[PDB]
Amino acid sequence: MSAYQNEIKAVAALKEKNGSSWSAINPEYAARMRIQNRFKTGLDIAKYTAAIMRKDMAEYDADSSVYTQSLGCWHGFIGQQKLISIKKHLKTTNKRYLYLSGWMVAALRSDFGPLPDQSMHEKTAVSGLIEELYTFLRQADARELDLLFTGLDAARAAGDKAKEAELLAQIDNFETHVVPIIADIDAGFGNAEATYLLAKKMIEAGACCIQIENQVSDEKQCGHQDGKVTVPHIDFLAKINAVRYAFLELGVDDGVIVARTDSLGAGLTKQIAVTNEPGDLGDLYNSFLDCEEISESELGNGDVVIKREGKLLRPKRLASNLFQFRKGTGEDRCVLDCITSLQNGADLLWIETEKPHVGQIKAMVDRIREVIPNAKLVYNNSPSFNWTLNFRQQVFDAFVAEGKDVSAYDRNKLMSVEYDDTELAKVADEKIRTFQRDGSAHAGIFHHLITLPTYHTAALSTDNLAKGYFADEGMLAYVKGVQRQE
């Protein structure tokens, strides 16, 4: 028997048990409400979506062409219209997820108004947006099912048996708009206990996947090129553990943790790591510090020094009480971070990079996979990269191997108003088009997202309408720009 039939039977039995006092209750109508509300709680969503993500991860492991994608959405309505569009044009939700952007929560969803991306807003805005996204996806299910039940009644009123049968099949095979979300928790908005508390609220809202990072965003030195600040592994691993316990408490056994490393762009640290024996994680972290040998006499009062390899050394230290890593150690620290995360409870990796470059990320993933062979990445196709410059430049240098042409193209004015229609341009655009496929084939990327794309699409579409409506076009700007497209 179908889910719909089973629910009609179930409500009819309650009606019978309760007798004539329930005479006004219509069992088929109640059944439709039940079918229209498949996911009654956020934890039901979290368990359902966790299983989907685990299946997708296994299918990617078997075939690197079968990867997953998402766009960051800053409101339930934006997520809803994205999933409606996916179903309309692409016919299945399979391999499409939501992304919860901490940047967009800070920029758009705080009671404080727009804030920078430093975990300064009220942390309930994060869990609030997850719940909102799933409320809107569940309502999209309910509306489409209601339309199907309306057509079912119309088929019945016309005695059309074939159409009734096709609609009942569409109802039984209905594809929910509810999909997995990768939810950004920043660094947990506090210590490990605070991380657990927030993760728990995010999972109760429906999240099957939590992304957590090893940086201290509120200590960035904007005046330094690599001004981000990392914590020792023990601090970050404790937060991974806190997120795991939130999943476990709630019964989401399959919950997914994405460990993000910011080490590539982080030249600083607040702490010197505790170390108990040489070669352990504390010692490895401290090994990257930029030190100098200063005689005990040449040392300033209050200077801080560390014993490394039998000598007392002075790590370079800013006025802000931050210590510096040696230049050029970003990649090495990322690889250590990532291996350590997968060895200690993370499920997926995120390496924050400064440009979209398949070879660069492949190099790091190859080093990681010589230790953890199926290590999988979530990759931010960042909206703050200038994709055209990066890729025309990338295709320029790919020429220089046997690129005859080279001299015909400057390399400094490549991004231009008009280098269009050139081979470098059509090829650059093709490399952009295949970037995700190529990174998933060669650099272990399981999931491709853009963090804040719908910030820009909402701004642009508002500007494009306002620009006409308030000026000579008046209502024609709306009719042409909006009404004619839909």
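The first residue of the sequence shown is number 1, and the count goes up from there.
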Test of understanding: from the entry's C-alpha B-factors, which stretch has the higher mean, 435 to 443 or 28 to 36? 435 to 443
Mean C-alpha temperature factor, higher of 426 to 434 and 456 to 464: 426 to 434
Of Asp290, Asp117, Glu352, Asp253, which one's C-alpha B factor is largest in the deposited record? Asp290
Member of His177, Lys82, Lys201, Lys161 with the greatest C-alpha B factor (per the PDB record): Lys161
Looking at the entry's B-factor column for C-alpha atoms only, identify whether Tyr67 ranks in the lowest, middle or highest third of its chain. middle
Sorting the chain's modelled residues by C-alpha B-factor and splitting them into thirds places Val417 in the highest
Using the B-factors in the PDB entry, rank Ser263's C-alpha atom against the chain and give the third, lowest, middle or highest. middle
Lowest, middle or highest third - CA B-factor, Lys239: lowest
Going by the recorded CA B-factors, say which third of the chain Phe77 sits in, lowest, middle or highest. lowest
